[PDB]
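Chains as they are written, first to last, in the numbering used here: chain A, 1 to 333; chain B, 1001 to 1204; chain C, 2001 to 2216.
Cβ atoms here follow ideal geometry from the backbone N, Cα and C, with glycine treated the same way.
The structure under discussion appears below in the form of structure tokens.
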Ligand SMILES: *[C@@H]1O[C@H](CO)[C@@H](O[C@@H]2O[C@H](CO)[C@@H](O[C@@H]3O[C@H](CO[C@H]4O[C@H](CO)[C@@H](O)[C@H](O)[C@@H]4O)[C@@H](O)[C@H](O[C@H]4O[C@H](CO)[C@@H](O)[C@H](O)[C@@H]4O)[C@@H]3O)[C@H](O)[C@H]2NC(C)=O)[C@H](O)[C@H]1NC(C)=O
Ligand SMILES: *[C@@H]1O[C@H](CO)[C@@H](O)[C@H](O)[C@H]1NC(C)=O
Ligand SMILES: *[C@@H]1O[C@H](CO)[C@@H](O)[C@H](O)[C@H]1NC(C)=O
Ligand SMILES: *[C@@H]1O[C@H](CO)[C@@H](O)[C@H](O)[C@H]1NC(C)=O
Ligand SMILES: *[C@@H]1O[C@H](CO)[C@@H](O)[C@H](O)[C@H]1NC(C)=O
Ligand SMILES: *[C@@H]1O[C@H](CO)[C@@H](O)[C@H](O)[C@H]1NC(C)=O
Ligand SMILES: *[C@@H]1O[C@H](CO)[C@@H](O)[C@H](O)[C@H]1NC(C)=O
Ligand SMILES: *[C@@H]1O[C@H](CO)[C@@H](O)[C@H](O)[C@H]1NC(C)=O
Ligand SMILES: *[C@@H]1O[C@H](CO)[C@@H](O)[C@H](O)[C@H]1NC(C)=O
Ligand SMILES: *[C@@H]1O[C@H](CO)[C@@H](O)[C@H](O)[C@H]1NC(C)=O
Ligand SMILES: [Cl-]
Ligand SMILES: [N+]
Ligand SMILES: [N+]
Ligand SMILES: [N+]
Ligand SMILES: [N+]
Ligand code: NA
Ligand code: NA
Ligand code: NA
Ligand code: NA
């Protein structure tokens, strides 16, 4: 068990002009055509998704990606000011495989209910991870991997209300966010039947850890607009979507409409600062994404109405990468 | 949570043992001390592990739901309230009281200032300084008539160093009612005093 | 060397609101969570919520949800706690606190000096200091900080020079709805003609600063 420099592999096309492909062709090797999965029999090993150097390396990679794809027109730090050309690019997250070099391997937990911390019994070793799309988002985890069995709750400590709670669903819900053609007014559509169906399943899973308690979903307690709305990048444009209608206890059965705004000034997740981008492109901007996870925080203090309240959160994208690298770990031979 | 005892009383050179019980794989807890009038300070985290600067006499212990803080050889600076904190919940607090030898009160009296008499009211002050124990019976009387219903008193927390108290009584009256009488006395009754000490003035 | 300096005392009428500030220094302000805990006079500590100064995320105690708001100002490394729809219950000393580290921030190693928040319909009024002159051996002298509101009044002797033997008594609420305290020092009578003694009284709510001489 040690730390070493990983490398990345992708199906990037040397002729495709989408920026993620152009970056991956420069920093990632081709996808290994013959992946070797090796199942260790009757072996248990400890994992800890919350202290995993792989997440910090993926973070450094996505910063390099964005430093090349989504160059801001102006970058403001309390110790630096940058003004540069900011040409629009094609933007669409592609899956990225992370591989260990010689003398190292990647252990993979095949236990379908592992919560991300502790011993795993169905351990296997691989050379590379599966395909992971580097989707930057808040509140809602998008385009990740699903749970193979049932909904998995992951937290460094569920009893600590300051620790983020990562939820992984076993069946995605579709969200379609479109800006038709106020040039910065957008909206999202999501099936209320499938969302209420998903909220009730997450509530049932949370109740197993907090029995005798009512589980309530409410809106964010506050903060920057990045974490009080579902923020995300769609085709190079930054969407900020109101999720007050999703984290409700009175979810309607009809289609739910989330009002969004496209913004040019964004608070950077890569570092402390603000990044100013050019106005939005013209035309129809549409992203149909799969909600495959949630980022929640639980209200502190003891209840007086026997109700635990969970609110969307996020902001540290390392938690996004943990929602996919929980089952992996780099070990020395 | 449930901290016990709610009130403890000992003397210098003893060991105290305050408990902190919990409800329902994480031995995590903090202990705080609050000197009188000061903000709480931290002197034990993660169950054991005394924070830097705490002397070697404090020691934490326990596991599961029952935790304990044990003070070897209680000292003056050790007189204060002690809380236990589990994540966001805290205990009821335990006020640590210190016992010491009986001390006679140093009694003093002060008449109203002329700057105050020029306003309209008059305030006579009687001070008991550095005595043990807390209770004392202060009696205000003009000439030989005792006053009642117009005399408020206060007491500071037990001094850390010498574990003593101090009491300040203030008799409020009107300037007219002040210059009406002429003699003012403050008689105190305390265990450390064989006879009630009466310090007085007579200026009116 | 980490320092947390909070705002001055506040008097508020019921149904109003108060915002207490807590300025941090000596460390990276955005790297550590910051908590707010209040303490009613004569009671225990009560946790209210925490705020993440990096991104601004907050978690409020469910008891105060709806009328508590936590904010930050990264450019000045200052966190704000605002409580609205005030009540006589909310009369308390409000503290900001910071953990030992970011991973485990519930071990409050650093605290502010506290911000007292008094809730009553009475208004602000400065004190009036009167000397308590003494009359061999060791004598005693002091002053009488009378008729002030709200509670916090700090007193020093000779600009903080005289500290040993000093006893500043707790305030008492008079029948007129005004507080009154006394601050005395034990000094030998062999210095009541050579050494001079001045009361340094400070009432931050009314910005009153007074120096009063005490002589026989
Ligand atoms: C999570 O996962 C889902 C599925 O993988 C993603 O869905 C993709 O999202 C991207 C970006 O929104 C889509 O890329 C865009 O698709 C649109 C339609 O694609 C084709 O439709 C016509 C008609 O069939 C085809 O003829 C043509 O080949 C289109 O490619 C396009 O309208 C977009 O076109 C772009 O044109 C110019 C230059 O190319 C750009 O400047 C514009 O910005 C514009 O984007 C673009 O190709 C992709 O198609 C979606 N795939 C599917 C299956 O739905 C989610 O986007 C993803 N969520 C996040 C946050 O990444
Ligand atoms: C993992 O899950 C079950 C039992 O743990 C088993 O059937 C399965 O074969 C294991 N994975 C592999 C590759 O065998
Ligand atoms: C997966 O890991 C958890 C550890 O808590 C264990 O409870 C569970 O039984 C494991 N799954 C299987 C099929 O053993
Ligand atoms: C997902 O898990 C929930 C319970 O956690 C269950 O109700 C649901 O049927 C599962 N969905 C699938 C496709 O297995
Ligand atoms: C819910 O999800 C399933 C599979 O994606 C889909 O068939 C169904 O139409 C969705 N529900 C609604 C109301 O669209
Ligand atoms: C709350 O919890 C109890 C079980 O603990 C359950 O029976 C009840 O239906 C729940 N009420 C709501 C509104 O969820
Ligand atoms: C989201 O919508 C609800 C109702 O319109 C509103 O209460 C809330 O303030 C909105 N949040 C943001 C960030 O606009
Ligand atoms: C859900 O939103 C509606 C307003 O659209 C509101 O009436 C209701 O109180 C919300 N539920 C919760 C738990 O906040
Ligand atoms: C769905 O059915 C009706 C509206 O058609 C509504 O009253 C009910 O609350 C909804 N039930 C669920 C589980 O969403
Ligand atoms: C901002 O300025 C403060 C003080 O100069 C400094 O501590 C900090 O490192 C700077 N950068 C930030 C907050 O990102
Ligand atoms: Cl974003
Ligand atoms: N997979
Ligand atoms: N805000
Ligand atoms: N190994
Ligand atoms: N430390
Ligand atoms: Na640069
Ligand atoms: Na704007
Ligand atoms: Na611009
Ligand atoms: Na009151």
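Item checked: heavy atom of ligand 9 below 6 Å from residue 196 of chain A C-beta -> By 1-based counting over the first chain, the position of residue 196 of chain A is 196. Residue 196 of chain A: yes, Cβ under 6 Å from ligand 9.
Check: Just by C-beta distance, which residues in the stretch 273–301 of chain A are closer than 9 Å to chain B?
Finding: 300, 301
Margin query: Counting only C-beta atoms, is residue 1045 of chain B closer than 7 Å to chain C at any point?
Written below: Mapped onto the second chain, residue 1045 of chain B falls at position 45. Answer yes: the Cβ-Cβ gap between residue 1045 of chain B and chain C drops below 7 Å somewhere.
Margin query: Does the beta-carbon of residue 218 of chain A, which I'm using as the reference point, lie nearer than 6 Å to any heavy atom of ligand 8?
Written below: As a first step, residue 218 of chain A is located in the first chain; it is residue number 218 there, counting from the start. Indeed, a heavy atom of ligand 8 lies less than 6 Å from the Cβ.
Check: Quick one: which chain A residues come within Cβ less than 8 Å of residue 1083 of chain B?
Finding: Counting from 1 along the second chain, the entry for residue 1083 of chain B is found at position 83. The contacting residues do not exist; residue 1083 of chain B stays about 16 Å from chain A at best.
Checklist line | Boundaries of the beta strand (DSSP E) in which residue 2147 of chain C is found, first to last residue | finding: Sequence index remark: in the third chain, residue 2147 of chain C carries index 147 (1-based). Going by DSSP, residue 2147 of chain C is part of the beta strand (DSSP E) stretching over 2138–2148.
Notebook entry, point to check: For a contact meaning CB atoms closer than 9 Å, what does residue 304 of chain A contact in chain C?
Noted result: The residue you call residue 304 of chain A lines up with position 304 of the first chain. Within 9 Å Cβ-Cβ: 2062, 2063.
Margin query: Between C:2192, C:2166, C:2048, C:2215, which has its C-alpha nearest residue 2217 of chain C's C-alpha?
Written below: Given a span of 2001 to 2216 for chain C in the structure shown, any question on residue 2217 of chain C remains unanswerable.
Next item on the list: Identify whether residue 322 of chain A lies in helix, strand or coil by the three-state DSSP scheme.
Entry: Within the first chain, numbered from 1, the residue matching residue 322 of chain A stands at position 322. Here DSSP, grouped into helix, strand and coil, assigns residue 322 of chain A to helix.
Notebook entry, point to check: Is there a Cβ from chain A that is less than 7 Å from the Cβ of residue 2101 of chain C?
Noted result: As a working mapping, residue 2101 of chain C is identified with position 101 in the third chain. So no, residue 2101 of chain C is outside the interface.
Notebook entry, point to check: Applying the criterion that 16 or more other CB atoms from any shown protein chain within 10 Å of the CB defines a buried residue, is residue 2087 of chain C buried or exposed?
Noted result: For the purposes of this step, residue 2087 of chain C is taken as the residue at position 87 of the third chain. Exposed.
Margin query: To be precise: take each residue of the stretch 48–71 of chain A, compare its Cβ to all Cβ atoms of chain B, and keep it if any distance is under 7 Å. Which residues remain?
Written below: none
Item checked: Nearest residue (CA-CA) to residue 2202 of chain C, options C:2151, C:2133, C:2111 -> Counting from 1 along the third chain, the entry for residue 2202 of chain C is found at position 202. Nearest option by C-alpha distance: C:2151.
Notebook entry, point to check: Taking 6 Å as the cut-off, is the CB of residue 110 of chain A close to at least one heavy atom of ligand 2?
Noted result: Here residue 110 of chain A refers to the residue found at position 110 of the first chain. At least one heavy atom of ligand 2 is nearer than 6 Å to the Cβ of residue 110 of chain A, so yes.
Check: List, in order along the chain, the chain B residues whose C-beta lies closer than 8 Å to that of residue 2111 of chain C?
Finding: As a working mapping, residue 2111 of chain C is identified with position 111 in the third chain. By Cβ distance, chain B contributes 1039, 1040, 1041.
Check: So residue 285 of chain A packs on residue 241 of chain A, CB below 8 Å; how close in whole Å?
Finding: Translated into positions along the first chain, residue 285 of chain A becomes position 285. Translated into positions along the first chain, residue 241 of chain A becomes position 241. Contact doesn't hold; Cβ gap of about 13 Å is too wide.
Next item on the list: Assign residue 323 of chain A to buried or exposed, taking buried as 16 or more other Cβ atoms, counted over all protein chains shown, within 10 Å of its Cβ.
Entry: Residue numbering aside, residue 323 of chain A sits at position 323 when the first chain is read from its first letter. By the Cβ neighbour-count rule, residue 323 of chain A is buried, with 16 or more other Cβ atoms within 10 Å of its own.
Note to self: Given the structure, does residue 231 of chain A come close to ligand 11, in the sense that its CB is under 6 Å from one of the ligand's heavy atoms?
What the structure shows: As a first step, residue 231 of chain A must be located in the first chain, where it is residue number 231. Yes, the Cβ of residue 231 of chain A comes within 6 Å of a heavy atom of ligand 11.
Checklist line | Given residue 1055 of chain B as reference, the closest of B:1142, B:1097, B:1078, B:1111 once Cα atoms are compared | finding: Within the second chain, numbered from 1, the residue matching residue 1055 of chain B stands at position 55. Relative to residue 1055 of chain B, the option among B:1142, B:1097, B:1078, B:1111 whose CA is nearest is B:1078.
Next item on the list: Give a single yes or no on whether residue 97 of chain A has its beta carbon closer than 6 Å to a heavy atom of ligand 12.
Entry: The residue labelled residue 97 of chain A in the question sits at position 97 within the first chain. Residue 97 of chain A: no, Cβ never under 6 Å from ligand 12.
Next item on the list: Mind checking which residues open and close the beta strand (DSSP E) that includes residue 2034 of chain C?
Entry: Position 34 of the third chain, counted from the start, is the residue given in the question as residue 2034 of chain C. Residue 2034 of chain C -> beta strand (DSSP E) spans 2034–2039.
Check: Comparing the CB of residue 199 of chain A with every heavy atom of ligand 1, is any distance shorter than 6 Å?
Finding: Within the first chain, numbered from 1, the residue matching residue 199 of chain A stands at position 199. Shortest gap from the CB of residue 199 of chain A to any heavy atom of ligand 1: 6 Å or more.
Item checked: Beta-bridge partners of residue 2157 of chain C, as assigned by DSSP -> Indexing the third chain from 1 puts residue 2157 of chain C at position 157. Paired residues: C:2162, C:2199.
Notebook entry, point to check: Along chain B, which residues have their Cβ under 8 Å away from the Cβ of residue 157 of chain A?
Noted result: Here the question's residue 157 of chain A lines up with position 157 in the first chain. Neighbours of residue 157 of chain A on chain B, chain order: 1026.
Note to self: Contact criterion: CB-CB distance below 7 Å. Does residue 221 of chain A meet it with respect to chain E?
What the structure shows: Absent from the structure is chain E; the protein chains it does hold are A, B and C.
Item checked: Run of the alpha helix (DSSP H) containing residue 256 of chain A, from where it starts to where it stops -> For this step, residue 256 of chain A is matched to residue 256 along the first chain. That residue, residue 256 of chain A, is in no alpha helix (DSSP H); its beta strand (DSSP E) goes 256–263.
Note to self: Would you say residue 2056 of chain C lies against chain A (beta-carbon separation less than 7 Å)?
What the structure shows: Taking the first residue of the third chain as position 1, residue 2056 of chain C is located at position 56. Yes, contact with chain A.
Item checked: Per DSSP, cross-strand counterpart(s) of residue 214 of chain A -> Taking the first residue of the first chain as position 1, residue 214 of chain A is located at position 214. Answer by DSSP bridge pairing, in chain order: A:307.
Note to self: Below 7 Å on C-beta distance, what does residue 2033 of chain C contact in chain A?
What the structure shows: Counting from one through the third chain, the residue named residue 2033 of chain C turns up at place 33. Here the neighbours are 162.
Next item on the list: Reducing DSSP to helix, strand and coil, say where residue 22 of chain A ends up.
Entry: One-based indexing of the first chain puts residue 22 of chain A at position 22. It is helical.
Notebook entry, point to check: What is the rounded straight-line gap between the Cα of residue 58 of chain A and the Cα of residue 2058 of chain C?
Noted result: As a first step, residue 58 of chain A is located in the first chain; it is residue number 58 there, counting from the start. As a first step, residue 2058 of chain C is located in the third chain; it is residue number 58 there, counting from the start. Approximately 27 Å between the Cα atoms of the pair.
Notebook entry, point to check: At a cut-off of 6 Å, is residue 287 of chain A close to ligand 1 when judged by its beta-carbon and the heavy atoms of the ligand?
Noted result: For this step, residue 287 of chain A is matched to residue 287 along the first chain. Answer for residue 287 of chain A: yes, Cβ within range of ligand 1.
Next item on the list: Pick helix, strand or coil for residue 132 of chain A, following the three-state DSSP scheme.
Entry: Residue 132 of chain A sits at position 132 when you count from the first residue of the first chain. It is a strand residue.
Margin query: Classify residue 2183 of chain C: buried if its beta carbon has 16 or more other beta carbons within 10 angstroms, exposed otherwise.
Written below: Translated into positions along the third chain, residue 2183 of chain C becomes position 183. It is buried - the Cβ of residue 2183 of chain C has at least 16 other Cβ atoms within 10 Å.
Notebook entry, point to check: beta strand (DSSP E) containing residue 198 of chain A: first to last residue?
Noted result: For the purposes of this step, residue 198 of chain A is identified with residue 198 of the first chain, where counting begins at 1. Segment 192–209 is the alpha helix (DSSP H) holding residue 198 of chain A; no beta strand (DSSP E) there.
Notebook entry, point to check: Whole-angstrom Cβ separation of residue 2079 of chain C and residue 2117 of chain C, contact assumed at under 8 Å?
Noted result: For the purposes of this step, residue 2079 of chain C is taken as the residue at position 79 of the third chain. For the purposes of this step, residue 2117 of chain C is taken as the residue at position 117 of the third chain. The beta carbons of residue 2079 of chain C and residue 2117 of chain C sit about 16 Å from each other, so the pair does not count as a contact at 8 Å.
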